[PDB]
Amino acid sequence: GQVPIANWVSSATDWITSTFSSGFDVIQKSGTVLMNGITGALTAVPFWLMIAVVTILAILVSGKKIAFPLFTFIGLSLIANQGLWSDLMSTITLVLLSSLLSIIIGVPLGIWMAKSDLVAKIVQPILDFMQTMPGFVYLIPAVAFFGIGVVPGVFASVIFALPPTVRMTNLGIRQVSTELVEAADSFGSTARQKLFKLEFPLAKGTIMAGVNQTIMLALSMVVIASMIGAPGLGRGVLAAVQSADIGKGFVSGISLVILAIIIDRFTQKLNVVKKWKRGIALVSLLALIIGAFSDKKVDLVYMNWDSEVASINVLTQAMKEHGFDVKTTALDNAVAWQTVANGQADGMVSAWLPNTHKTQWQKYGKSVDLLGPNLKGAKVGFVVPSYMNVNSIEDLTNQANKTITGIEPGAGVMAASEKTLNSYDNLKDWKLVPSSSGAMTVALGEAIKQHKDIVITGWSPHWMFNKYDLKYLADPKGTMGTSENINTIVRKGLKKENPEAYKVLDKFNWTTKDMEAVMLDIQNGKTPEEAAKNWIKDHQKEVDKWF
Amino acid sequence: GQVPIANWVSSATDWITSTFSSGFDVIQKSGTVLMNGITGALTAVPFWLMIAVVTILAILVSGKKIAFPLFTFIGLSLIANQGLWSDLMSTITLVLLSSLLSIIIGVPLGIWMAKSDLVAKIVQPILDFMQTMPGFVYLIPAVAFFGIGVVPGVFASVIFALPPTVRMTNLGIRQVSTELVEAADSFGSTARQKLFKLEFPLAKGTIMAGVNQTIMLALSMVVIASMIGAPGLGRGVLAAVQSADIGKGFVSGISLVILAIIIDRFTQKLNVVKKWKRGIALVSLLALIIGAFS
Amino acid sequence: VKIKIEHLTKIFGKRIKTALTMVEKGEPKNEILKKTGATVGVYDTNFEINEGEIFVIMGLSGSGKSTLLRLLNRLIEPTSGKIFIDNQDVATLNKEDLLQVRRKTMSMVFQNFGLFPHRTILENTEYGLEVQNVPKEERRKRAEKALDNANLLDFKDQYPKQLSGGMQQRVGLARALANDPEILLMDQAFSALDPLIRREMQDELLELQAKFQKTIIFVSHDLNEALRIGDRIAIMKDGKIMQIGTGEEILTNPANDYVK
Amino acid sequence: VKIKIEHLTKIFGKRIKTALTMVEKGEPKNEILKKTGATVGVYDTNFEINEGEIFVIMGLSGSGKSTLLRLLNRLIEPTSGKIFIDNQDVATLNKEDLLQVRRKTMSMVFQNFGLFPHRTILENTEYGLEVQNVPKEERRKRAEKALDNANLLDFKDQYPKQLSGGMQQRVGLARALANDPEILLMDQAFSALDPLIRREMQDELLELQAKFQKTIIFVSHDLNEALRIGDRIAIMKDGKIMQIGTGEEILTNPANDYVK
Ligand SMILES: Nc1ncnc2c1ncn2[C@@H]1O[C@H](COP(=O)(O)OP(=O)(O)OP(=O)(O)O)[C@@H](O)[C@H]1O
Ligand SMILES: Nc1ncnc2c1ncn2[C@@H]1O[C@H](COP(=O)(O)OP(=O)(O)OP(=O)(O)O)[C@@H](O)[C@H]1O
């Protein structure tokens, strides 16, 4: 890297987010409250009433066919059965906001592109960037400006789903016959009248294909929104990936697909009894509205891993039944760290220090406060199924086809693994493939099914050691990890503003055995909140001690 | 919930991966070795030579305008300077395979979807499924079937990039003026000739728009592929995200965007002295072959 | 004899049953359209066309001429009736035989010129030869010769958007002729031509029939040309034939002020 | 006087400089096209049109008639020359005045009928009135009256694809007339009409001019109608005028076998 683009970009981003916080703070608050109100309204209305209304509207819009309405009823009742109603409402919120803004900013922009051969070339590369550039890279600055919640999900979905609307709008406005345009000019048609009477109706096919594309993309871009606090089915997908459970993942995905098809049909019915029909539709909407019309705190950020889920749920209950109103939000790792650093979040209890989150602690650390370990007994290292003869790293010869399995690049586990592959000699010629945690877990599960040898870069506590039978490998050289500790983290300035929760978080502590017990309780089927209630009933004195 | 869809899905995937193991392993090995060989050939070609050849090709394709070839040269030089050459080669092989497969399976599928109003109503929900289902949930079954590596990334990218080509091909072949179709029919032109001479040359607009969409979506589906072992620039983005260094993630993303722009411009130059340009391009290909041998 | 047409009928729109009943009584076209919206394109058209004959068809705009030509080529199927081409009901032809028929037996010329924008004149003019797998050389030259007969050989490299109505019409005509079929269906190929070039094309057609005894169906609105070349004339109104004579129409006629 | 045209010229393609030089020498159109590929649409067209006059334009297909009509409406700009409409060079008109001119002063009728498929006849016929912000009521009725004059009132609810060439032509004509402008540019609006309806439309035009002293430019290829209605006639060849007389052309003419 002879040219320092990395440093230039990092410095520019720090400066800009240091200068442009106020207005963005007010708008993030405004949009968050607006979107929360929308979702609350949509969730208040019972699911049966909304299902009936949507199938009614499908009947009105379809006519004498019964495919789309029956599909609507079937799918939505299925979802209400699977318990994914509120998530569906939140997903509807963000998806409609993204699609509306995307269409509104695309169709005018596509027209501008079509009426100016300059703007087309001035915008095409921008669309390429917006549509192809990974959303992760400007995810972190997006969180810096707009903070956690629905707003950055909306922004990302918008700037990923606008390009297709724009491009196909440009084509449709450009692919119309020039003879008709001459005819419309000869009759004194301003560009507006020619655009509303000739251009748009003839381009509706391409424009509506672009709109369908936009909707599908914005629905795909939910997980990239749900890893930064946006509720919905994206949280379910992420929790299924972590659990390596294709059942829940497929359920959430198929719910998203059902919503996509519903919206797509209700939208394509806009390309090309009437008064009765319309009055019935208005009555249905009015009935929806009628049905809808029927202290210390702390905001925490945590990750979609079973360990931190258990920890945070236990903490939340201990707070609630001792006079609190908590707001726990499930994020990604780096997003959570940034949120705590910027002061948006009041802290996190998920700092697997000093070997797992070392990059995050090093980059941050000057803008947070380390409150110390909250659980000791956590370990990191190589992991192999319990059924294999191997029992120490020094004995690895040709297993796993001389191929280690990673977790994700840059994670301290992978750096320690690279160090291990250079410290030793038996596995100097081994490899290290960086993947995601979900891929590692799925490969492990399949290998256990097929009884085949596998070596992974894992940690405890985790569901692997409970769902499957594994074993750690010995590390005499200690290059990999030494019983790292989970540590609590807070934002710089909680001791002065909300000390009543700083006491709790600094005094918070509980053992890994309890965490494994709670995870075991969950995996059998109990919800995390019930598990927290149970373990707090069994371990009440410690809870009272933390306060 | 009450209806155990999750258990059914788990049982189905277990059965399929326990039954189709031979084919999955065979294709895993074949695709991995083939694609790694492609990447080896591309990387053995020195970066300066590759940049020069691509810039010359852009020159030949653009005529006199230089903004595109100049941007191509600049972008690839930036990439090679930041050390993202091998990563870029891996990303190229992945993206090219994904887009090629998507096009091959979409253009015919879209065509036969235009000739039938039943196939359209059978495939629209399927496309909606393949495009709305998150790529995270394609991480689990592809890994379970194929295993970590490159092929799962291609499978997911195809799944996510087919729909645009399919839809736009259908639309373009459903939009050609009926009068021309009647004219071609009246002269006894089979669907083959009526397709290679009339419908496709006039639908090229929408078809290539859908191809552009396919390519951009395949490129966007690169982080999800580097999250299941596919090497390349997605690994850089993931490392930046975990380390929270915006600079390296941005560098990787700009490399992706540069690649997308270059591929898109080359493709667009297909929608609509030539002997000498052909000869020079052939000479360039021969030089690339020498470099692979060299 | 070359072509037969028996109780040929084609009714557009929907509610075709009541409209067909109405015409069976003999109600006019406009009232039928008013009730049902089904415009009777043509009703109980029954006649015969012999070989080597310019069967000119004539009638009011909105009388069912282009529809008849399309039905003969089976670009659209009738609701009732039979079209025989060489003792062969076109509606009972498998795709291969229909394709041979459409390539060799009959070729069509449209009112709107049915032209491909993405192809030059020399590539539209030889389209009927490309599909026949004719080599490049012979088809190229046949197209050039046809264009020279149509006075367009200087524009062979241009595109239709670079051309006017008359030149595009002549392009469609040449594309029909270059194929050299046994039947030439022609739907107002002289509407947008000057008298001189119109008469050139008329002489072209007469030469073709004189040498190559070739059936030609020629829709027209110009009385002058129909009389000059039409060996037989058929007049239409509201979708029905009224006379199918050659030159007696000017002497005897049932209220045909169409002529005067 | 209503319109002036001075050294009007429009040359298509490229290499316009050498082509313009060639015509300045006086070389023919085809040789110029051969060297340069630039087809001289029209050259040094200079004349005058008075008010209340049917200036009929006539000539070979490929002589520059539709181009002249388009230039008058400034749908395309000339390479050299001036078009004055009421002592007002249309090329020096800001968009608002041009728009008022195109709405009230002059309305155009095309060879290809310039019709909107997505709109019924009653919605294409009143397009020139919608843009003028005319209410629904008066424009609706004016369109209906025009269609009845054109014998299409039964098809007012149909779409062009449900119509033939003649009915679409009459739709374009009515759309031009319904606007009731001071100038009617017409490019072969009678090419696809039967003699009876053609004569209906001719009588329509003559009535319009007799009552409303209204300028009409009427391209045509039919000798009969130009003489019947044309108060003045202009004949074109290879892009240049040859005579602009009314009825003396049949007596005196420089090698105009164009006329009997
Ligand atoms: N696609 C269509 N859908 C419905 N009706 C149609 C369609 N095409 C043609 N018609 C009907 O066919 C009838 C005659 O069509 P035709 O084209 O035969 O008129 P024409 O006689 O061809 O007029 P001209 O002779 O001036 O072209 C018209 O009245 C029209 O309503
Ligand atoms: N878009 C165009 N690009 C290039 N040349 C054109 C274009 N449109 C028309 N022309 C040229 O204009 C010349 C005359 O056009 P015009 O339309 O005036 O022919 P016409 O005289 O209108 O034929 P008819 O009178 O039978 O319509 C033609 O020779 C044609 O080559």
If labels are modelled 7 Å from Cα along the Cβ direction, D:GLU207 lies from its partners in the other copies at nm distances, smallest first, of 4.7
Mean Cβ-within-10 Å packing, highest first, puts peptides D:78-88, B:156-166 in the order B:156-166, D:78-88
So, for the Cα atoms of segment A:358-515, Rg and Dmax in Å stand at 18.1, 57
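Give me a single rounded figure for D:61-69: the average over its residues of other chain Cβ atoms within 10 Å of their Cβ. Spell out each step's value before the answer.
On the way: counts 15, 12, 3, 1, 3, 2, 1, 0, 1.
Across D:61-69, the average partner-chain Cβ count within 10 Å equals 4.
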Flagged as over-length at 28 Å C-alpha distance, from B:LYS29/B:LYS121; A:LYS274/C:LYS65; D:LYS34/D:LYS65; C:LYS65/C:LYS260; A:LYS275/C:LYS10, the pairs are B:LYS29/B:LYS121; A:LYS274/C:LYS65; A:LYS275/C:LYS10
Segment D:136-230, Kirkwood Rh and Cα Rg, ratio Rg/Rh at 0.95
Among segment B:227-259, those whose backbone N falls under 17 Å of a label point 7 Å along Cα→Cβ from A:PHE24 are B:244-247, B:250
Here segment B:192-199 yields Karplus 3J(HN,Hα) values (6.51, -1.76, 1.60; θ = phi - 60°; whole Hz; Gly and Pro given as x) of 5, 6, 5, 8, 7, 10, 10, 6
GNM of chain C, Cα pairs under 10 angstrom: of C:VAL131, C:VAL171, C:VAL40, the biggest fluctuation goes to C:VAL131
The value for segment C:69-196 (convex hull of the alpha-carbon atoms, volume per residue, Å³) is 122
Check: C-alpha center segment A:23-65 vs C-alpha center segment C:182-231, spacing in Å is 68
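Evaluated at 20 °C with a viscosity of 1.002 mPa s, what Stokes-Einstein diffusion coefficient in µm²/s does chain D have when Rh comes from the Kirkwood expression over alpha-carbon pairs? Intermediate results must be reported in sequence, preceding the final value.
On the way: Rh = 19.3 Å.
The estimated diffusion coefficient comes to 111 µm²/s.
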Nearest 10, in degrees from 0 to 90: the angle of helix C:195-211 to the longest Cα principal axis of chain C is 90
For A:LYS533, the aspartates and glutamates lying under 12 Å Cα to Cα, once residues fewer than eight places off in the same chain are dropped, come out as A:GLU321, A:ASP521
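Could you work out [θ]222 nm for chain C from helices alone, using -39500 (n - 2.57) per DSSP H run of at least four and dividing by all its residues? Round to the nearest 500 deg cm²/dmol. Write down the numbers at each step before the final one.
Values: 10 runs with 92 residues, N = 260.
Calculated at 222 nm, the ellipticity per residue is -10000 deg cm²/dmol.
Where does the charge balance sit around A:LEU238 when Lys and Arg score +1, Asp and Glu -1, over other residues with C-beta under 14 Å from its C-beta? If you can, show how the numbers build up before the last one.
Working: positive: A:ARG235, A:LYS248; negative: A:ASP87, A:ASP245, A:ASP306, A:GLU308, A:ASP332, A:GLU408.
So the environment of A:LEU238 carries a net charge of -4.
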The whole-number value in µm²/s of the Stokes-Einstein translational diffusion coefficient for segment B:176-294, with Rh from the Kirkwood sum over alpha carbon pairs at 20 °C and 1.002 mPa s, is 117
Taking only the alpha-carbon atoms of segment B:26-93, the convex hull volume per residue, in cubic angstrom, is 84
Helix D:16-25 sits off the longest principal axis of the Cα atoms of chain D, rounded to the nearest 10 on a 0 to 90 degree scale, by 60
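Which net charge results when you count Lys and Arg as +1 and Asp and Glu as -1 among the other residues whose beta-carbon is under 12 Å from that of A:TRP546? Spell out each step's value before the answer.
Details: positive: A:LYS503, A:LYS507, A:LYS541, A:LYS545; negative: A:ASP506, A:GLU542, A:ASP544.
Computed value for this residue: +1.
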Whole-Å distance linking the alpha carbon centroid of segment A:97-173 with that of segment B:92-122 is 25
One residue of chain C has its C-beta nearest the axis rotating C onto D; that residue and its distance in whole Å are C:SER191, 2
Sparse-neighbourhood loop hits (chymotrypsin sites (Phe, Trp or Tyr not before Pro), segment C:200-260; DSSP loop; Cβ within 10 Å at most 13 others) -> C:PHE212
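For segment A:165-232, what D do you get in µm² per second when you plug the Kirkwood radius from alpha-carbon pairs into Stokes-Einstein at 20 °C and 1.002 mPa s? Intermediate results must be reported in sequence, preceding the final value.
On the way: Rh = 13.9 Å.
This corresponds to a translational diffusion coefficient of 154 µm²/s.
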Surrounding charge for A:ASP332, neighbours by C-beta under 13 angstrom, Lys/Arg +1, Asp/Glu -1, total -1
Share of Cα-Cα pairs in segment B:97-192 beyond 17 Å, whole percent, is 59
Under 12 Å by backbone N from the virtual spin label 7 Å along Cα-to-Cβ at A:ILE280, the residues of segment A:59-80 are A:59-65
Descending packing, highest mean Cβ count within 10 Å first, for A:214-227, A:426-439, B:12-25 is A:214-227, A:426-439, B:12-25
Straight-line reach check, A:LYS507, cutoff 16 Å on alpha carbons, 8 or more apart in-chain or any other chain, hits among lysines -> A:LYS376, A:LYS495, A:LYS541, A:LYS545
Note to self: Kirkwood Rh of the protein assembly as shown, Cα pairs, one decimal, Å, is 36.3
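From other protein chains only, count the Cβ atoms within 10 Å of every residue's Cβ in B:216-227, then give the mean. Present the calculation step by step, with values, prior to reporting the outcome.
Working: counts 11, 8, 1, 5, 9, 2, 2, 6, 4, 0, 6, 9.
Whole-number average of other-chain Cβ neighbours for B:216-227 is 5.
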Nearest-0.05 FRET efficiency for A:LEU432 and B:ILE289 at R0 = 22 Å, using Cβ-Cβ distance, is 0.05
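Rounded to the nearest 500, what is the 222 nm mean residue ellipticity of chain B from helices alone, with -39500 (n - 2.57) per DSSP H run of 4+ residues and division by all residues?
Numbers: 15 runs with 239 residues, N = 294.
One gets -27000 deg cm²/dmol as the mean residue ellipticity at 222 nm.
Antiparallel DSSP bridges in chain D: what percent, to the nearest 5? Don't skip to the end; give the middle numbers.
Values: 15 of 33 bridges.
Once the DSSP bridges in chain D are tallied, antiparallel ones form about 45 percent.
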With a ≥ b ≥ c from the Cα gyration tensor eigenvalues, square-rooted, and the rule rounded for a/c under 1.5, otherwise prolate when a/b > b/c and oblate otherwise, chain A is prolate
The distance between the Cα centres of segment B:225-269 and segment C:1-54, in whole Å, is 66
So the pair-distance distribution of segment A:326-409, from every Cα-Cα distance in 5 Å bins, comes to percents of 2, 10, 19, 17, 14, 10, 9, 9, 6, 2, 0
Here the tail fraction of P(r) beyond 37 Å, over all Cα-Cα pairs of segment B:5-293, rounds in percent to 23
Over 29 Å (Cα to Cα) among C:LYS136/D:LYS17; A:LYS277/D:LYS156; A:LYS431/A:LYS477 -> C:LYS136/D:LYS17
Which residues qualify? For D:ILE216, with a placed amide H closer than 5 Å and at least 5 residues away or on another chain, they are D:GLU53, D:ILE54, D:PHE55, D:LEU184
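Bear in mind these aren't lab numbers, they're just calculated from the coordinates by the rules spelled out. FYI the Cβ positions are ideal-geometry reconstructions off the backbone, even for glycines, and counts take in every protein chain you see.
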